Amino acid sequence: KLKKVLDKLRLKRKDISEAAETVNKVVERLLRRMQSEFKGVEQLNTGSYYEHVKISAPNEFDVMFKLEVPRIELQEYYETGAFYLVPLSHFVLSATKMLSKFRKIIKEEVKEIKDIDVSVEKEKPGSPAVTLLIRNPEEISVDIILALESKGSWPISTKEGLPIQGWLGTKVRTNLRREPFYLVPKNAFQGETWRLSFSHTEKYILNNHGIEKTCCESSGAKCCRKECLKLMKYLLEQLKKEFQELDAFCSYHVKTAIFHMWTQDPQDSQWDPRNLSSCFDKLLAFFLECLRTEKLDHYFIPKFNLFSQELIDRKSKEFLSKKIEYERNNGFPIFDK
């Protein structure tokens, strides 16, 4: 049932191999061509594919080109929590200016590639990414995400975030908060605003997700945490393909929701493979409550509400609410298309 849907969603070794070989060539070449104001940049693979929760096909890859910058002063962009003003001379560090040159370089280098069919997607404003379209006969997008790496204490807006104490614990949390934090040129001084990114932390969580250290290891018990994330991701993807009303929603909304549910139900036994249906259903119920109450706090930045009126209109939330409720109460017909 849901088992058979997961069968459909499961990526194939063949496609994984063919997608990765081509993606690695291109990324490797871009990374080499920086190191240039971006000399010192380092590769950090992030998102679904590297978290092992990519569904349906290996067709979207996320990579951070992160740059150590010496200590910086952050000023919070009117109390939003996530957005800040912060070699680099000819870039207050303007996100747009830095991104533009990064982008310019990438585009130049992509022209030189003659063994891969690969172009650079038209810039979407409010995106920190330089997005590559690779046409291995299969279509593959690669987001190249410029990031500043700061080694200081995380900003105070994150003090109450990452509430993993009863789940992953205080030692894990303390160690995670000793890692650097990332600023990505997502814009909101609109064109000089950077946004916090904790993709590195999210990756660790995805791959170290149990209360027991052996969760999902070879001498441990399998849980259904990732399978639930997959299923919820598929529901949204399927709905989004059908209904343009849902343009405003994205997989990060689902990922954030499940982070909260993983905190609510920390016990591995609450995510038993035998309870896949219960688990998926409680995840749906939780997501509906986020929509109803117009509240889905960033896991790392509690005061940043991803479901505020400002980012998503009430009508969109009500639309998605009715569509989820329908699928839930009719055996998820959309999983069969």
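For every residue, the number given is its place in the sequence shown, counted from 1. Think of the rigid core as the biggest set of C-alphas that the two forms share within 1.5 Å after superposition.
With each structure aligned by its rigid core, the stretch whose Cα atoms sit farther from this model in 7 other deposited structures of this protein, between 113-121 and 175-183, is 113-121.
For the pair 263-271 and 98-106, rigid core superposition yields a higher RMS C-alpha distance in 7 other deposited structures of this protein in 98-106.
According to the record, no deposited residue between residue 250 and residue 251 is left without atomic coordinates.
Unmodelled stretch separating residue 35 from residue 36: 1 to 3 residues (count of deposited-sequence residues without coordinates).
Checked against the record, the higher mean CA B factor of 201-209 and 148-156 lies with 148-156. Comparing 44-52 with 63-71, the higher mean C-alpha B-factor in the PDB entry belongs to 63-71. Highest CA B-factor among the listed residues (177, 111, 226, 255): 111. Per the deposited record, 136 carries the highest C-alpha B-factor of all listed residues (264, 238, 136, 141). Split the chain's modelled residues into thirds by C-alpha temperature factor. Residue 294 is in the middle one.
Sort the modelled residues of the chain by CA B factor and residue 128 lands in the middle third. In the deposited entry, the Cα temperature factor of residue 222 places it in the lowest third of its chain's modelled residues. When the modelled residues of the chain are ordered by C-alpha B-factor, residue 186 sits in the highest third. For residue 91, the recorded CA B-factor ranks within the highest third of the chain. Only modelled residues enter the ranking.
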